[PDB]
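Participant: The following file, query_0.csv, comprises CSV, C-alpha atoms and all ligand atoms:
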chain,number,residue,atom,x,y,z
A,3,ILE,CA,-132.6,-170.6,176.1
A,4,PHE,CA,-134.2,-174.0,176.3
A,5,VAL,CA,-135.8,-175.8,173.4
A,6,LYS,CA,-137.8,-179.1,173.8
A,7,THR,CA,-138.6,-181.8,171.2
A,8,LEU,CA,-142.1,-183.1,171.6
A,9,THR,CA,-141.6,-185.9,174.2
A,10,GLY,CA,-137.9,-185.7,173.6
A,11,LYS,CA,-134.4,-184.5,174.5
A,12,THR,CA,-134.2,-180.8,175.5
A,13,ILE,CA,-130.9,-178.8,175.1
A,14,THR,CA,-130.0,-175.3,175.8
A,15,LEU,CA,-127.6,-173.3,173.7
A,16,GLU,CA,-127.2,-169.6,174.2
A,17,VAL,CA,-126.4,-166.9,171.6
A,18,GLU,CA,-126.8,-163.2,172.1
A,19,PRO,CA,-130.1,-162.0,170.8
A,20,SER,CA,-129.3,-159.9,167.8
A,21,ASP,CA,-130.0,-163.3,166.2
A,22,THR,CA,-132.6,-163.9,163.6
A,23,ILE,CA,-134.9,-167.0,164.0
A,24,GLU,CA,-133.0,-168.2,160.9
A,25,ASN,CA,-129.9,-168.2,163.0
A,26,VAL,CA,-131.3,-170.0,166.0
A,27,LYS,CA,-132.5,-172.7,163.6
A,28,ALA,CA,-129.0,-172.3,162.0
A,29,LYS,CA,-127.1,-173.0,165.2
A,30,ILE,CA,-129.6,-175.7,165.6
A,31,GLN,CA,-128.4,-177.4,162.4
A,32,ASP,CA,-125.0,-177.1,163.9
A,33,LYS,CA,-125.8,-178.8,167.2
A,34,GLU,CA,-128.5,-181.4,166.3
A,35,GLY,CA,-128.8,-183.1,162.9
A,36,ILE,CA,-131.9,-181.2,161.6
A,37,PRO,CA,-131.8,-178.6,158.7
A,38,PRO,CA,-133.2,-175.1,159.4
A,39,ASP,CA,-135.6,-175.8,156.6
A,40,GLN,CA,-137.5,-178.4,158.4
A,41,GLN,CA,-137.5,-177.0,161.9
A,42,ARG,CA,-140.4,-174.8,163.2
A,43,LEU,CA,-139.9,-173.1,166.6
A,44,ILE,CA,-142.8,-172.3,168.8
A,45,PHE,CA,-142.7,-169.9,171.7
A,46,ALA,CA,-145.5,-168.8,174.0
A,47,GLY,CA,-148.1,-170.0,171.5
A,48,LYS,CA,-146.6,-168.2,168.4
A,49,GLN,CA,-144.7,-169.7,165.5
A,50,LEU,CA,-141.5,-167.7,165.1
A,51,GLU,CA,-141.1,-166.4,161.5
A,52,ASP,CA,-137.6,-166.2,160.0
A,53,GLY,CA,-137.7,-162.4,159.5
A,54,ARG,CA,-138.2,-161.4,163.2
A,55,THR,CA,-135.6,-161.1,165.8
A,56,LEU,CA,-135.4,-162.9,169.2
A,57,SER,CA,-135.4,-159.5,170.8
A,58,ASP,CA,-138.6,-158.9,168.9
A,59,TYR,CA,-140.3,-161.8,170.7
A,60,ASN,CA,-139.5,-160.7,174.2
A,61,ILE,CA,-137.6,-163.9,174.6
A,62,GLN,CA,-135.4,-163.9,177.8
A,63,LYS,CA,-132.5,-166.2,178.4
A,64,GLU,CA,-133.5,-169.5,179.9
A,65,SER,CA,-136.8,-169.3,178.0
A,66,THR,CA,-138.3,-172.3,176.2
A,67,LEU,CA,-138.6,-172.6,172.5
A,68,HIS,CA,-140.3,-175.7,171.0
A,69,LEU,CA,-139.0,-177.7,168.1
A,70,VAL,CA,-141.5,-179.2,165.9
A,71,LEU,CA,-140.6,-180.9,162.7
A,72,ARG,CA,-142.2,-179.6,159.4
A,73,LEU,CA,-144.9,-181.9,158.2
A,74,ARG,CA,-145.4,-183.0,154.7
A,75,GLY,CA,-148.9,-182.9,153.4
A,76,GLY,CA,-149.8,-183.8,149.9
B,3,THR,CA,-136.5,-154.9,116.3
B,4,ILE,CA,-139.5,-154.6,118.7
B,5,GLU,CA,-140.6,-152.6,121.7
B,6,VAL,CA,-142.0,-153.9,124.9
B,7,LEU,CA,-143.4,-152.5,128.1
B,8,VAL,CA,-141.7,-153.5,131.3
B,9,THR,CA,-143.4,-153.3,134.7
B,10,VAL,CA,-143.5,-155.0,138.1
B,11,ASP,CA,-146.7,-153.7,139.4
B,12,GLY,CA,-149.0,-153.3,136.4
B,13,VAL,CA,-149.0,-149.5,137.0
B,14,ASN,CA,-145.6,-148.3,136.2
B,15,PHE,CA,-144.2,-149.3,132.7
B,16,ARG,CA,-141.1,-148.5,130.8
B,17,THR,CA,-140.1,-149.0,127.1
B,18,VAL,CA,-137.3,-151.5,126.5
B,19,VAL,CA,-136.1,-151.8,123.0
B,20,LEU,CA,-134.8,-155.2,122.0
B,21,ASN,CA,-132.9,-156.9,119.2
B,22,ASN,CA,-133.1,-160.5,118.1
B,23,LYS,CA,-129.5,-161.5,118.5
B,24,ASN,CA,-129.7,-162.8,122.1
B,25,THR,CA,-132.3,-164.3,124.4
B,26,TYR,CA,-134.6,-162.0,126.4
B,27,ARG,CA,-132.6,-162.8,129.6
B,28,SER,CA,-129.3,-161.9,127.9
B,29,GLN,CA,-130.6,-158.4,127.0
B,30,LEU,CA,-133.0,-157.7,129.8
B,31,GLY,CA,-133.4,-160.4,132.5
B,32,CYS,CA,-136.0,-162.9,133.8
B,33,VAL,CA,-139.3,-162.0,132.1
B,34,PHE,CA,-142.8,-163.3,131.9
B,35,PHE,CA,-145.0,-162.8,128.9
B,36,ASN,CA,-148.6,-163.9,129.4
B,37,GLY,CA,-147.7,-166.0,132.3
B,38,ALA,CA,-145.0,-167.7,130.4
B,39,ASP,CA,-141.4,-167.5,131.4
B,40,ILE,CA,-139.9,-166.5,128.0
B,41,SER,CA,-136.5,-165.4,129.4
B,42,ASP,CA,-134.5,-167.8,127.4
B,43,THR,CA,-136.4,-167.1,124.1
B,44,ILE,CA,-135.4,-164.7,121.4
B,45,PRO,CA,-137.6,-161.6,121.0
B,46,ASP,CA,-139.8,-161.5,118.0
B,47,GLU,CA,-142.4,-159.2,116.4
B,48,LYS,CA,-145.3,-161.1,118.1
B,49,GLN,CA,-144.2,-159.5,121.5
B,50,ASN,CA,-143.9,-156.0,120.0
B,51,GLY,CA,-145.7,-153.2,121.9
B,52,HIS,CA,-146.7,-155.7,124.6
B,53,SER,CA,-146.2,-155.6,128.3
B,54,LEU,CA,-143.8,-157.9,130.2
B,55,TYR,CA,-143.4,-158.8,133.9
B,56,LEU,CA,-139.7,-158.6,135.0
B,57,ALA,CA,-138.3,-160.6,138.0
B,58,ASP,CA,-134.6,-159.7,138.4
B,59,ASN,CA,-132.2,-157.0,137.2
B,60,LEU,CA,-134.6,-154.6,138.7
B,61,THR,CA,-134.5,-150.8,138.3
B,62,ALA,CA,-133.8,-148.7,141.4
B,63,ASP,CA,-137.4,-147.3,141.0
B,64,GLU,CA,-139.0,-150.7,140.3
B,65,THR,CA,-137.3,-152.1,143.4
B,66,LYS,CA,-139.0,-149.3,145.4
B,67,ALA,CA,-142.3,-150.3,144.0
B,68,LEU,CA,-141.6,-154.0,144.7
B,69,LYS,CA,-141.0,-153.3,148.3
B,70,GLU,CA,-144.2,-151.1,148.6
B,71,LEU,CA,-146.4,-153.6,146.8
B,72,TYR,CA,-145.0,-156.8,148.4
B,73,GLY,CA,-142.9,-155.8,151.4
B,74,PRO,CA,-139.3,-156.9,151.9
B,75,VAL,CA,-138.9,-160.1,149.9
B,76,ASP,CA,-135.8,-162.1,149.0
B,77,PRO,CA,-134.5,-161.5,145.4
B,78,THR,CA,-136.0,-164.7,144.1
B,79,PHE,CA,-139.4,-164.0,145.4
B,80,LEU,CA,-140.6,-162.4,142.1
B,81,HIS,CA,-139.4,-165.3,140.0
B,82,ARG,CA,-141.0,-167.8,142.4
B,83,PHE,CA,-144.3,-166.0,142.6
B,84,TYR,CA,-144.7,-165.5,138.8
B,85,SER,CA,-143.7,-169.1,138.1
B,86,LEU,CA,-145.9,-170.5,140.8
B,87,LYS,CA,-148.7,-168.5,139.3
B,88,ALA,CA,-148.2,-170.3,135.9
B,89,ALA,CA,-147.7,-173.7,137.5
B,90,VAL,CA,-150.8,-173.4,139.5
B,91,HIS,CA,-153.1,-172.0,136.8
B,92,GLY,CA,-154.5,-175.4,136.0
B,93,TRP,CA,-155.6,-176.1,139.6
B,94,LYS,CA,-159.4,-176.2,140.0
B,95,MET,CA,-161.8,-175.2,142.8
B,96,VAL,CA,-165.0,-177.2,143.2
B,97,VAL,CA,-168.0,-175.4,144.8
B,98,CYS,CA,-170.4,-177.3,147.1
B,99,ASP,CA,-173.4,-175.3,148.4
B,100,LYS,CA,-171.3,-172.1,147.8
B,101,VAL,CA,-168.3,-173.5,149.9
B,102,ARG,CA,-165.2,-173.3,147.7
B,103,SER,CA,-162.6,-176.0,148.1
B,104,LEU,CA,-159.3,-176.7,146.1
B,105,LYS,CA,-159.3,-179.9,144.1
B,106,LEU,CA,-156.4,-182.3,144.8
B,107,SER,CA,-153.3,-182.0,142.6
B,108,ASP,CA,-149.5,-181.9,143.0
B,109,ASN,CA,-149.6,-182.6,146.7
B,110,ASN,CA,-151.6,-179.5,147.4
B,111,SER,CA,-154.0,-180.8,150.1
B,112,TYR,CA,-152.2,-178.7,152.7
B,113,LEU,CA,-153.3,-175.7,150.7
B,114,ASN,CA,-156.9,-176.8,150.6
B,115,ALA,CA,-156.8,-176.9,154.4
B,116,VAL,CA,-155.1,-173.4,154.7
B,117,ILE,CA,-157.5,-171.7,152.3
B,118,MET,CA,-160.6,-173.2,153.6
B,119,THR,CA,-159.6,-172.2,157.1
B,120,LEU,CA,-158.7,-168.6,156.0
B,121,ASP,CA,-162.2,-168.4,154.3
B,122,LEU,CA,-163.6,-168.8,157.8
B,123,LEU,CA,-161.7,-165.9,159.5
B,124,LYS,CA,-164.0,-162.9,160.0
B,125,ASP,CA,-162.7,-159.3,159.9
B,126,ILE,CA,-159.1,-160.0,158.7
B,127,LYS,CA,-157.0,-158.1,156.2
B,128,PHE,CA,-153.4,-158.2,155.0
B,129,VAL,CA,-150.8,-155.6,155.6
B,130,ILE,CA,-149.0,-156.3,152.3
B,131,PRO,CA,-151.0,-154.5,149.5
B,132,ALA,CA,-150.3,-157.2,147.0
B,133,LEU,CA,-151.4,-159.9,149.4
B,134,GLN,CA,-154.5,-158.0,150.4
B,135,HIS,CA,-155.5,-157.5,146.8
B,136,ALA,CA,-154.9,-161.1,145.8
B,137,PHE,CA,-157.0,-162.1,148.8
B,138,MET,CA,-159.8,-159.8,147.7
B,139,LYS,CA,-159.6,-161.4,144.3
B,140,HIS,CA,-159.6,-164.8,146.0
B,141,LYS,CA,-162.9,-163.9,147.7
B,142,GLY,CA,-164.0,-162.6,144.3
B,143,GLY,CA,-163.8,-166.1,142.8
B,144,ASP,CA,-160.3,-165.9,141.4
B,145,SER,CA,-157.8,-167.6,143.7
B,146,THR,CA,-154.7,-168.0,141.6
B,147,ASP,CA,-153.0,-164.9,142.8
B,148,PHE,CA,-153.7,-165.6,146.4
B,149,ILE,CA,-152.7,-169.2,146.1
B,150,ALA,CA,-149.4,-168.5,144.2
B,151,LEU,CA,-148.7,-165.7,146.5
B,152,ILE,CA,-149.1,-167.7,149.6
B,153,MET,CA,-146.8,-170.4,148.4
B,154,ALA,CA,-144.2,-167.8,147.4
B,155,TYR,CA,-144.4,-166.2,150.8
B,156,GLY,CA,-144.4,-169.7,152.4
B,157,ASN,CA,-141.5,-170.7,150.3
B,158,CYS,CA,-143.4,-173.7,149.1
B,159,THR,CA,-142.4,-175.4,145.9
B,160,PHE,CA,-145.0,-176.5,143.3
B,161,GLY,CA,-145.6,-180.2,143.5
B,162,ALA,CA,-143.9,-180.8,146.8
B,163,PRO,CA,-145.9,-181.7,149.9
B,164,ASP,CA,-145.7,-179.2,152.7
B,165,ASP,CA,-147.0,-178.5,156.2
B,166,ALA,CA,-150.5,-176.9,156.3
B,167,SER,CA,-150.5,-175.7,159.9
B,168,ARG,CA,-147.1,-174.0,159.4
B,169,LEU,CA,-148.2,-172.1,156.3
B,170,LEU,CA,-151.4,-171.0,157.9
B,171,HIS,CA,-149.6,-169.1,160.6
B,172,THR,CA,-146.9,-167.5,158.4
B,173,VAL,CA,-149.8,-166.2,156.3
B,174,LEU,CA,-151.5,-164.9,159.4
B,175,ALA,CA,-148.4,-163.2,160.5
B,176,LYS,CA,-149.0,-160.9,157.5
B,177,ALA,CA,-152.6,-160.2,158.4
B,178,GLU,CA,-154.3,-157.9,160.9
B,179,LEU,CA,-157.7,-157.8,162.6
B,180,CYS,CA,-160.3,-155.2,161.7
B,181,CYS,CA,-162.1,-155.5,165.0
B,182,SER,CA,-161.3,-155.7,168.7
B,183,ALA,CA,-159.9,-158.8,170.2
B,184,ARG,CA,-158.2,-159.0,173.6
B,185,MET,CA,-156.7,-161.8,175.7
B,186,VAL,CA,-155.0,-161.4,179.0
B,187,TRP,CA,-152.7,-163.9,180.8
B,188,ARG,CA,-152.0,-163.5,184.5
B,189,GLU,CA,-148.7,-165.1,185.8
B,190,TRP,CA,-147.9,-165.2,189.5
B,191,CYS,CA,-145.2,-166.1,192.1
B,192,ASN,CA,-145.1,-165.4,195.8
B,193,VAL,CA,-141.6,-163.7,195.6
B,194,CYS,CA,-141.5,-162.1,192.1
B,195,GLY,CA,-145.2,-161.3,192.1
B,196,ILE,CA,-148.1,-161.0,189.7
B,197,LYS,CA,-147.7,-160.1,186.0
B,198,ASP,CA,-150.5,-159.3,183.5
B,199,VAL,CA,-149.5,-160.1,179.9
B,200,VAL,CA,-151.7,-158.6,177.3
B,201,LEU,CA,-152.3,-159.5,173.7
B,202,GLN,CA,-154.6,-157.5,171.3
B,203,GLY,CA,-155.9,-158.1,167.8
B,204,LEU,CA,-155.0,-161.1,165.7
B,205,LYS,CA,-152.5,-162.1,168.3
B,206,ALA,CA,-155.5,-162.7,170.6
B,207,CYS,CA,-157.2,-165.1,168.3
B,208,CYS,CA,-154.5,-167.7,167.7
B,209,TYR,CA,-152.5,-170.1,169.9
B,210,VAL,CA,-150.1,-172.9,169.0
B,211,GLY,CA,-149.9,-175.6,171.6
B,212,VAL,CA,-153.4,-176.2,172.6
B,213,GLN,CA,-156.3,-177.7,170.6
B,214,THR,CA,-159.1,-177.4,173.2
B,215,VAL,CA,-160.7,-174.4,174.8
B,216,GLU,CA,-160.4,-175.8,178.3
B,217,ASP,CA,-156.7,-176.3,178.0
B,218,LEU,CA,-156.1,-172.7,177.1
B,219,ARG,CA,-157.9,-171.5,180.2
B,220,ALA,CA,-156.5,-174.2,182.5
B,221,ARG,CA,-154.0,-173.2,185.2
B,222,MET,CA,-150.3,-173.9,184.1
B,223,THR,CA,-147.6,-174.6,186.8
B,224,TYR,CA,-143.8,-174.3,186.1
B,225,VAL,CA,-140.6,-173.0,187.7
B,226,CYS,CA,-139.9,-169.3,187.9
B,227,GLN,CA,-136.5,-167.7,187.2
B,228,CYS,CA,-135.9,-167.2,190.9
B,229,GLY,CA,-136.1,-171.0,191.6
B,230,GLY,CA,-139.8,-171.6,192.5
B,231,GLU,CA,-143.2,-172.4,190.9
B,232,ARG,CA,-144.5,-169.7,188.5
B,233,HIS,CA,-148.2,-170.1,187.7
B,234,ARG,CA,-150.1,-168.9,184.5
B,235,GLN,CA,-153.8,-168.6,183.6
B,236,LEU,CA,-156.1,-166.9,181.1
B,237,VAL,CA,-158.2,-164.2,182.9
B,238,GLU,CA,-159.9,-162.4,180.0
B,239,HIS,CA,-160.7,-163.2,176.3
B,240,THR,CA,-162.8,-161.2,173.9
B,241,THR,CA,-162.5,-162.4,170.3
B,242,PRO,CA,-164.5,-162.8,167.0
B,243,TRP,CA,-163.1,-166.3,166.6
B,244,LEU,CA,-160.3,-168.4,168.1
B,245,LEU,CA,-157.8,-170.5,166.2
B,246,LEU,CA,-156.1,-173.1,168.2
B,247,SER,CA,-153.3,-175.2,166.7
B,248,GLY,CA,-151.2,-178.1,167.8
B,249,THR,CA,-149.4,-181.2,166.7
B,250,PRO,CA,-151.3,-184.0,164.9
B,251,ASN,CA,-153.0,-185.6,167.9
B,252,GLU,CA,-155.5,-188.5,167.8
B,253,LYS,CA,-159.1,-187.8,169.0
B,254,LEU,CA,-162.8,-188.5,168.4
B,255,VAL,CA,-164.8,-185.7,166.8
B,256,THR,CA,-168.3,-186.0,168.0
B,257,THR,CA,-171.5,-183.9,167.4
B,258,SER,CA,-173.2,-185.6,170.3
B,259,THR,CA,-170.7,-183.9,172.7
B,260,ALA,CA,-172.2,-180.7,171.0
B,261,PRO,CA,-168.9,-179.2,170.1
B,262,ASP,CA,-167.9,-175.6,170.3
B,263,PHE,CA,-166.0,-175.4,167.0
B,264,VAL,CA,-167.1,-174.4,163.6
B,265,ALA,CA,-164.2,-176.2,161.8
B,266,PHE,CA,-160.9,-178.2,162.1
B,267,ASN,CA,-158.1,-179.7,160.0
B,268,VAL,CA,-156.9,-183.3,160.2
B,269,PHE,CA,-153.6,-184.9,159.3
B,270,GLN,CA,-154.0,-188.3,157.7
B,271,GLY,CA,-150.9,-190.6,157.4
B,272,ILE,CA,-147.7,-191.0,159.3
B,273,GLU,CA,-145.7,-188.1,160.4
B,274,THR,CA,-142.3,-189.0,159.4
B,275,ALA,CA,-143.6,-189.6,155.9
B,276,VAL,CA,-146.0,-187.8,153.5
B,277,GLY,CA,-149.6,-187.6,154.6
B,278,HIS,CA,-152.8,-185.9,153.4
B,279,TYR,CA,-154.7,-182.9,154.8
B,280,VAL,CA,-158.5,-182.7,155.2
B,281,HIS,CA,-160.6,-179.7,156.0
B,282,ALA,CA,-163.8,-180.3,158.0
B,283,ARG,CA,-166.7,-178.2,159.2
B,284,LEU,CA,-169.7,-178.5,161.5
B,285,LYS,CA,-172.9,-177.2,160.0
B,286,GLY,CA,-175.7,-179.6,160.5
B,287,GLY,CA,-174.7,-181.4,163.6
B,288,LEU,CA,-172.5,-183.3,161.2
B,289,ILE,CA,-168.9,-183.1,160.2
B,290,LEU,CA,-168.6,-182.2,156.5
B,291,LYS,CA,-165.2,-183.4,155.3
B,292,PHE,CA,-163.7,-181.5,152.3
B,293,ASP,CA,-161.0,-183.8,151.1
B,294,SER,CA,-159.6,-181.6,148.4
B,295,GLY,CA,-162.8,-181.3,146.3
B,296,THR,CA,-164.1,-184.6,147.4
B,297,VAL,CA,-166.9,-184.2,150.0
B,298,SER,CA,-168.2,-186.7,152.5
B,299,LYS,CA,-169.9,-186.5,155.9
B,300,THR,CA,-169.7,-188.3,159.3
B,301,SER,CA,-171.2,-188.3,162.8
B,302,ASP,CA,-167.9,-189.1,164.5
B,303,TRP,CA,-164.3,-189.6,163.2
B,304,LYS,CA,-161.1,-191.1,164.6
B,305,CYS,CA,-158.6,-188.6,163.3
B,306,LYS,CA,-155.5,-186.6,164.2
B,307,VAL,CA,-156.6,-182.9,164.6
B,308,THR,CA,-154.1,-180.3,164.1
B,309,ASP,CA,-155.9,-177.0,163.6
B,310,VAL,CA,-159.2,-176.1,165.4
B,311,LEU,CA,-161.3,-173.0,164.8
B,312,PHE,CA,-163.6,-171.7,167.6
B,313,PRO,CA,-166.2,-169.0,167.5
B,314,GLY,CA,-166.0,-165.6,169.2
B,315,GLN,CA,-164.9,-165.5,172.9
B,316,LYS,CA,-166.5,-163.5,175.7
B,317,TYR,CA,-164.7,-164.8,178.8
B,318,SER,CA,-163.8,-163.3,182.2
B,319,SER,CA,-162.5,-165.0,185.3
C,401,ZN,ZN,-140.5,-166.1,190.7
The structure in this file should be written as structure tokens.
Facilitator:
Amino acid sequence: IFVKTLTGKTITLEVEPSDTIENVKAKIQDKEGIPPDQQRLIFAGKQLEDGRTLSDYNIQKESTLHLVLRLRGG
Amino acid sequence: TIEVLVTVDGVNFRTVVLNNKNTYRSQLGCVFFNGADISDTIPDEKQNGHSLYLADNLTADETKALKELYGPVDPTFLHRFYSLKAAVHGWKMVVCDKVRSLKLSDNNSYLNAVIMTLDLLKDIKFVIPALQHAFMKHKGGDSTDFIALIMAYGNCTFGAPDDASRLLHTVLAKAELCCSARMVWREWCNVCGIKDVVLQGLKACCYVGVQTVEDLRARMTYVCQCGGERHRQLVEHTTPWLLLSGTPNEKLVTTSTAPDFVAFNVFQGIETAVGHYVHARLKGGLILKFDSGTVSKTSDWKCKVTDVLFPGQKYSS
């Protein structure tokens, strides 16, 4: 599927949806520099939580995920 | 040699007899006694007959209770939850005109924003017993359990700055709505056709990507799978409140415009660095800013709004 950085480079990498959001973020650490820890993916207005499964979100191939960087508030 | 009561839920207890030749951890495991991690201490008569909270080396039965009480958590959850509870015991809430807000300490402003927002959500409850109970306690005036719990669930670390908006939505993923909310999206294409996409309950009161009511309703054009424009628009919406969240974006909050929202969160600082969260509400045609216990008021404010909270929706198109 497609994932876009806010006003930024958008790549698509496809992996069969058995995958846990932890794993999309995990293959994301293997394709772009960022650590799964800091990456929060947003799809169709919902933050994807690590526990649930791409299949769970009705996400079809060629669908658009959004990568937002975790903010640090103190 | 002493006897101690071991539990993970405060309802089921077992006797564990201990000697004083190794540490508590050596003989039993990671244990808390009155909030204190005493795992690496040697058992003494003071703790005789007393109850202890165990975090690992769980029984088969205790594990069953852990899952029931807290849901499926990683093995470190209990240690993290209990320790966070002790770490955060010293945090203070200040109350202004009955509004409770968490006093700034150890980079916790993001939490002040999460809690103050949650305090505003009508008719919500948590699926996880432990979380629900902690929540009820939170509303009772005792917020330690709820705070520590939410950090454990959010995999926050005490003292480290963290994203407010992100935590708010993980927390809500554990909640449910006690009333009826409904939102319906209509998508259409001349070849594929029309599609109604329905959301009910909490799912109908939250959206990440938009921070204004108009933008949620406004018609959105893109390309369909078949190789043409797919359109999308909101065609019904009936909610008790509406939580819209997006990236820190700069705007002017004005009460002259006679806003729709009851409250909003603001991110102060730069984004590639460590900032500060502030919770703000409109009551009084004025924006009351709750800066982690510190209260101030403005007519308008140049700020980067993240989360926005709207009242109940009754919309049809
Ligand atoms: Zn189409």
Participant: In Å, how far is it from CA of residue 241 (chain B) to CA of residue 178 (chain B)?
Facilitator: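 Going from CA of residue 241 (chain B) over to CA of residue 178 (chain B) covers 13.3 Å.
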Participant: Just need the residues of chain B within 6 Å of chain A, counting all atoms listed in the file, so spit them out as a PyMOL selection string.
Facilitator: chain B and resi 109-112+163-165+209-211+276-279
Participant: Any idea what the distance is between CA of residue 21 (chain B) and CA of residue 43 (chain B)?
Facilitator: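 CA of residue 43 (chain B) lies 11.8 Å from CA of residue 21 (chain B).
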Participant: What does the structure give for the distance between CA of residue 116 (chain B) and CA of residue 313 (chain B), in Å to one decimal?
Facilitator: 17.5 Å
Participant: If you count only C-alpha atoms and all ligand atoms, which residues end up within 7 Å of ligand ZN 401 (chain C), as a ChimeraX atom specification?
Facilitator: /B:191-195,226-232
Participant: Find the residues near region 83-100 of chain B: any atom within 9 Å, counting all atoms listed in the file, skip ones fewer than 3 places away on the same chain, and give them as a ChimeraX atom specification.
Facilitator: /B:34,37-39,55,57,78-80,103-107,145-147,149-155,159-160,294-297
Participant: Which residues are near residue 16 (chain A)? Cut-off 9 Å, only C-alpha atoms, ignore same chain within fewer than 2 positions. Put them as a ChimeraX atom specification.
Facilitator: /A:3-4,14,18-19,63-64
Participant: Could you write those residues out with C-alpha atoms, as a short mmCIF file (atom, residue, chain, number, x, y, z; two decimals), in the coordinates of the input?
Facilitator:
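File written: result04.cif
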data_model
loop_
_atom_site.label_atom_id
_atom_site.label_comp_id
_atom_site.auth_asym_id
_atom_site.auth_seq_id
_atom_site.Cartn_x
_atom_site.Cartn_y
_atom_site.Cartn_z
CA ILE A 3 -132.60 -170.60 176.10
CA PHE A 4 -134.20 -174.00 176.30
CA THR A 14 -130.00 -175.30 175.80
CA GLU A 18 -126.80 -163.20 172.10
CA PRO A 19 -130.10 -162.00 170.80
CA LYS A 63 -132.50 -166.20 178.40
CA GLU A 64 -133.50 -169.50 179.90
#
Participant: Can you tell me which residues surround residue 184 (chain B) at a distance of at most 9 Å, considering all atoms listed in the file, apart from same-chain residues fewer than 5 positions away, and format the answer as a PDB file with C-alpha atoms, in the frame of the given file?
Facilitator:
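Below is the file result.pdb, written as the result:
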ATOM      1  CA  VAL B 200    -151.700-158.600 177.300  1.00  0.00           C
ATOM      2  CA  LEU B 201    -152.300-159.500 173.700  1.00  0.00           C
ATOM      3  CA  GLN B 202    -154.600-157.500 171.300  1.00  0.00           C
ATOM      4  CA  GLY B 203    -155.900-158.100 167.800  1.00  0.00           C
ATOM      5  CA  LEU B 204    -155.000-161.100 165.700  1.00  0.00           C
ATOM      6  CA  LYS B 205    -152.500-162.100 168.300  1.00  0.00           C
ATOM      7  CA  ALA B 206    -155.500-162.700 170.600  1.00  0.00           C
ATOM      8  CA  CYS B 207    -157.200-165.100 168.300  1.00  0.00           C
ATOM      9  CA  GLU B 238    -159.900-162.400 180.000  1.00  0.00           C
ATOM     10  CA  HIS B 239    -160.700-163.200 176.300  1.00  0.00           C
ATOM     11  CA  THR B 240    -162.800-161.200 173.900  1.00  0.00           C
ATOM     12  CA  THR B 241    -162.500-162.400 170.300  1.00  0.00           C
TER      13      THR B 241
END
Participant: Will you model N, CA and C atoms for region 7-19 of chain A and pass it back as a short mmCIF file (atom, residue, chain, number, x, y, z; two decimals), keeping the file's coordinate frame?
Facilitator:
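Output contents, as saved in out-v8.cif:
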data_model
loop_
_atom_site.label_atom_id
_atom_site.label_comp_id
_atom_site.auth_asym_id
_atom_site.auth_seq_id
_atom_site.Cartn_x
_atom_site.Cartn_y
_atom_site.Cartn_z
N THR A 7 -137.89 -180.92 172.22
CA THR A 7 -138.60 -181.80 171.20
C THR A 7 -139.85 -182.29 171.82
N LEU A 8 -140.88 -182.55 171.00
CA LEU A 8 -142.10 -183.10 171.60
C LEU A 8 -141.59 -184.37 172.23
N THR A 9 -141.99 -184.64 173.47
CA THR A 9 -141.60 -185.90 174.20
C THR A 9 -140.20 -186.31 173.81
N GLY A 10 -139.21 -185.48 174.12
CA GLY A 10 -137.90 -185.70 173.60
C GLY A 10 -136.79 -184.87 174.31
N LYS A 11 -135.54 -185.21 174.01
CA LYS A 11 -134.40 -184.50 174.50
C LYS A 11 -134.45 -182.95 174.34
N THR A 12 -134.14 -182.24 175.43
CA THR A 12 -134.20 -180.80 175.50
C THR A 12 -132.83 -180.19 175.78
N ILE A 13 -132.25 -179.46 174.84
CA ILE A 13 -130.90 -178.80 175.10
C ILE A 13 -131.07 -177.35 175.25
N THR A 14 -130.09 -176.73 175.90
CA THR A 14 -130.00 -175.30 175.80
C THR A 14 -128.69 -174.81 175.32
N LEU A 15 -128.77 -173.95 174.31
CA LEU A 15 -127.60 -173.30 173.70
C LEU A 15 -127.96 -171.86 173.76
N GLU A 16 -127.01 -171.01 174.16
CA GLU A 16 -127.20 -169.60 174.20
C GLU A 16 -126.34 -168.71 173.34
N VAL A 17 -126.97 -167.78 172.64
CA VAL A 17 -126.40 -166.90 171.60
C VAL A 17 -127.05 -165.60 171.80
N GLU A 18 -126.30 -164.50 171.68
CA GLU A 18 -126.80 -163.20 172.10
C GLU A 18 -127.86 -162.73 171.05
N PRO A 19 -128.95 -162.21 171.59
CA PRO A 19 -130.10 -162.00 170.80
C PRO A 19 -129.97 -160.68 170.04
#
